[PDB]
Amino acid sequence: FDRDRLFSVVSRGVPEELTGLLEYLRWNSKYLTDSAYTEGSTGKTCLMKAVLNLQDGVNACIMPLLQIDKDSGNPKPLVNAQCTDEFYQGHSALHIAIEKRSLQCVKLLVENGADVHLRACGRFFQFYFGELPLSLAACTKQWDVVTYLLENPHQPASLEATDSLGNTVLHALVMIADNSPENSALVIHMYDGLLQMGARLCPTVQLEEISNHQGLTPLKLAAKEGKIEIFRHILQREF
């Protein structure tokens, strides 16, 4: 089992061809997160390759890979491996699952130890979505994934979490807003929805008062970016 074979196998979504992988790993004291099983420039793992080749929301190598990884006794679980190159830095299988708009796959990953606060901060994403799984799910308007991330019993995502810019999901939404009537309406429903859920999930937290590394709340950030409709909406929330 060299890397080439595994990635081929996994790309084709044929779990049956993983026969002997576990034995090979345990015999040699190796893990699927090892340099050897990782693409040398990017750190792209076999599980990432799997989620990149989803067929109709699924890929039948995914759970086998997770199980083999667990059974191999891996100290640094494959589920939370991150891309290492400049362009995709921090990108995890969970981010790819959300980009692919697959709730099925998000669940499978989270149920098996996905860290819901890993940051994708590479040069390609500066579109920028706030580097966090929840902020990506919100920015791409995925209601089913957003509520799963917030409510699941394994690893609930925090609405207060911030990225390397100090941005919450609320700042991220301000960032992706267009000034088109229909887009801003949808972004407003997401902004309000998250806050409505926050009144229940974090009853005491003033999420809209959290400010940036640039000292900007979502309101002030909205003003800075020229986002009139979002700005005026955030104000009427107060008043």
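So that there is no doubt, residue numbering starts at 1 and follows the sequence shown.
- Per the record, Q126 and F127 are separated by 4 to 9 deposited residues that have no coordinates.
- Look at the mean CA B-factor for 191 to 199 and for 176 to 184 in the entry; the higher one is 176 to 184.
- In this entry, 40 to 48 shows the higher mean Cα temperature factor of the pair 40 to 48 and 24 to 32.
- Across the residues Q142, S135, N74, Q89, the deposited record lists the maximum Cα B factor for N74.
- In this PDB entry, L18 carries a Cα temperature factor that places it within the highest third of its chain's modelled residues.
- Among the modelled residues of its chain, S211 has a C-alpha B-factor that falls in the middle third according to the deposited record.
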